[PDB]
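Asker: The structure under discussion is supplied below as structure tokens; questions concerning it will follow.
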Amino acid sequence: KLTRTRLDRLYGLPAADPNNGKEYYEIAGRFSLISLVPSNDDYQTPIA
Amino acid sequence: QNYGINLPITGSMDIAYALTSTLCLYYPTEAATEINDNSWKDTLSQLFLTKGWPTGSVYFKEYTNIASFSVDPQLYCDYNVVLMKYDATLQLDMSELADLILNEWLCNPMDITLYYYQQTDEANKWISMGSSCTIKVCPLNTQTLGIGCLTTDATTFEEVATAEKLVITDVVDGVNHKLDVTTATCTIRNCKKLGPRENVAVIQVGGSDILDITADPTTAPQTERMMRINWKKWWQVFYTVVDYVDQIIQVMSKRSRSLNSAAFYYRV
């Protein structure tokens with residue numbers, strides 16, 4: 001709600017002050033990372 | 001009196017000649033579950049009584065599943081008979097169970113986390129007993145270099161058994177190997193096959209015979225201590241094996257290790 005305005009039913013966070021002077025939002029959550037690594041397991045090495 | 005010094009013994013072919021023997025029978029489950037009685041033991045007892053055998057002399061120890069019966073088969077009793085319920089899908093285990101409990105294995109333990117090993121003769125095997133054995137073996141050439149497997153880790157060897165409770169490997173003689181199992185699960189012992197054991201008689205109730213005791217391919221003998229009968233009602237199997245239990249008993253003999261004269265000859 002914006003005081004002294006003619007438009008009704010406004011939504012969305014503002015570019016005015018998205019932080020309210022307060023601090024960063026903190027989120028604790030997990031993340032999975034499935035990837036095709038290049039890695040020579042044990043080979044290509046002297047057999048001695 | 002004079003023990004342990006094997007001296008010749010004079011017999012003769014000149015003079016012709018004119019109870020405490022205890023049967024100790026085992027049996028599997030589904031038999032029992034079909035018997036549908038708790039006195040069957042007593043009936044067997046009274047029958048043996050009429051046959052000439054004392055009451056209180058026969059005991060029934062029961063095994064649940066064949067793989068369960070594979071562990072620690074200390075069959076200590078004056079005379080032992082094992083009726084195994086055959087499987088058309090569980091064969092090798094029956095063969096090796098026969099092999100184990102019909103022969104005498106003198107074995108020493110191992111510590112595979114440290115020592116290399118190598119088999120010695122065609123009469124030396126590695127028995128492995130316990131819950132769930134997963135053998136891992138890695139052969140070596142003459143100066144400890146992996147052959148088909150990498151010794152710088154553990155998971156690239158060549159497994160020879162998985163999901164087995166009791167398995168007896170035989171390895172190429174005269175070559176060293178690296179070994180791994182879970183030494184909190186089951187144990188492996190290096191046994192020398194000393195000589196045939198005579199205390200036990202194994203008979204199978206089911207399909208065709210498969211029994212061989214030699215891990216030799218060429219020699220697949222049929223000993224006498226291995227017998228086979230058919231069945232469609234276990235009652236007749238019990239009744240009959242008691243009908244001819246005389247002949248069975250006459251076939252086996254006293255354990256050549258506990259005779260009071262087998263002293264200082266490996267177990268007495």
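Identifiers in this document derive from the order of the structure tokens: chains are assigned A, B, ..., residues are numbered from 1 separately in each chain, and ligands are numbered from 1 in order of occurrence.
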Could you list, as a PyMOL selection string, every residue within 12 Å of residue 60 in chain B, counting only C-alpha atoms and ignoring same-chain residues fewer than 5 positions away?

Answerer: chain B and resi 23-29+32+40-42+44-45+75+77+80-83

Asker: Write the selection just made, keeping N, CA, C and O atoms, as a short mmCIF file (atom, residue, chain, number, x, y, z; two decimals), in the first residue's frame?

Answerer:
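Contents of out_17.cif, freshly written:
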```cif
data_model
loop_
_atom_site.label_atom_id
_atom_site.label_comp_id
_atom_site.auth_asym_id
_atom_site.auth_seq_id
_atom_site.Cartn_x
_atom_site.Cartn_y
_atom_site.Cartn_z
N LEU B 23 23.63 -94.11 18.29
CA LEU B 23 23.15 -93.43 17.10
C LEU B 23 22.73 -92.01 17.46
O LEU B 23 22.16 -91.79 18.54
N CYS B 24 22.98 -91.05 16.57
CA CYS B 24 22.75 -89.65 16.87
C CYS B 24 22.20 -88.94 15.65
O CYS B 24 22.96 -88.36 14.86
N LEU B 25 20.88 -88.95 15.50
CA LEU B 25 20.24 -88.65 14.23
C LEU B 25 19.86 -87.18 14.15
O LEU B 25 19.41 -86.59 15.14
N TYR B 26 20.05 -86.58 12.97
CA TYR B 26 19.65 -85.20 12.69
C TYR B 26 18.55 -85.21 11.65
O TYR B 26 18.28 -86.26 11.05
N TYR B 27 17.91 -84.07 11.42
CA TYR B 27 16.73 -84.01 10.57
C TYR B 27 16.38 -82.56 10.25
O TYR B 27 16.61 -81.67 11.07
N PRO B 28 15.83 -82.31 9.07
CA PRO B 28 15.44 -80.95 8.68
C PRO B 28 13.99 -80.61 9.01
O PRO B 28 13.22 -81.43 9.52
N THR B 29 13.62 -79.37 8.67
CA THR B 29 12.40 -78.78 9.23
C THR B 29 11.13 -79.24 8.53
O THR B 29 10.27 -79.85 9.18
N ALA B 32 9.49 -82.11 9.68
CA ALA B 32 8.80 -81.98 10.95
C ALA B 32 7.48 -81.26 10.78
O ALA B 32 6.43 -81.75 11.23
N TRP B 40 6.39 -87.98 17.89
CA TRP B 40 7.15 -88.76 16.91
C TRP B 40 8.51 -89.18 17.44
O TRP B 40 8.93 -90.33 17.24
N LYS B 41 9.21 -88.27 18.12
CA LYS B 41 10.46 -88.63 18.77
C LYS B 41 10.26 -89.83 19.68
O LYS B 41 11.06 -90.77 19.66
N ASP B 42 9.20 -89.81 20.48
CA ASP B 42 8.98 -90.89 21.43
C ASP B 42 8.67 -92.20 20.70
O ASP B 42 9.08 -93.28 21.15
N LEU B 44 9.84 -93.07 17.68
CA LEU B 44 11.15 -93.53 17.24
C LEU B 44 11.92 -94.16 18.40
O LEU B 44 12.57 -95.20 18.23
N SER B 45 11.84 -93.54 19.57
CA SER B 45 12.55 -94.05 20.74
C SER B 45 12.08 -95.46 21.08
O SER B 45 12.90 -96.37 21.24
N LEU B 75 29.63 -82.37 14.90
CA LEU B 75 28.74 -83.51 15.02
C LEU B 75 29.42 -84.51 15.95
O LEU B 75 29.94 -85.53 15.50
N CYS B 77 29.21 -87.31 18.35
CA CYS B 77 28.34 -88.37 18.85
C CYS B 77 28.86 -89.71 18.37
O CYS B 77 29.56 -89.79 17.35
N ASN B 80 26.79 -91.03 13.71
CA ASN B 80 26.06 -89.87 13.23
C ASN B 80 25.45 -90.18 11.87
O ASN B 80 26.12 -90.76 11.01
N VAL B 81 24.20 -89.77 11.68
CA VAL B 81 23.51 -89.93 10.41
C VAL B 81 22.83 -88.61 10.09
O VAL B 81 22.14 -88.04 10.94
N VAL B 82 23.04 -88.12 8.87
CA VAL B 82 22.51 -86.84 8.43
C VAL B 82 21.61 -87.09 7.22
O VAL B 82 22.08 -87.51 6.16
N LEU B 83 20.32 -86.81 7.39
CA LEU B 83 19.37 -86.86 6.29
C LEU B 83 19.24 -85.44 5.74
O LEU B 83 18.72 -84.56 6.43
#
```

Asker: At most 12 Å is the cut-off: for each residue in chain B with any atom that close to an atom of chain A, write down the nearest atom pair and the distance in Å rounded to one decimal, counting only C-alpha atoms, chain first then increasing number, as CSV.

Answerer:
```
residue,atom,partner,partner_atom,distance
B:143,CA,A:48,CA,10.3
B:144,CA,A:48,CA,9.7
B:145,CA,A:48,CA,7.6
B:146,CA,A:47,CA,8.4
B:147,CA,A:47,CA,10.4
B:148,CA,A:47,CA,11.8
B:149,CA,A:47,CA,11.2
B:150,CA,A:42,CA,8.5
B:151,CA,A:47,CA,9.9
B:152,CA,A:42,CA,8.0
B:153,CA,A:42,CA,8.5
B:154,CA,A:42,CA,11.4
B:155,CA,A:42,CA,11.2
B:156,CA,A:42,CA,10.2
```

Asker: Pick out each residue of range 12-214 of chain B that DSSP on the backbone tags as strand (DSSP E or B); I need them as a PyMOL selection string.

Answerer: chain B and resi 23-27+61-62+79-85+103-109+117+124-140+146+158-169+177-180+186-196+200-205
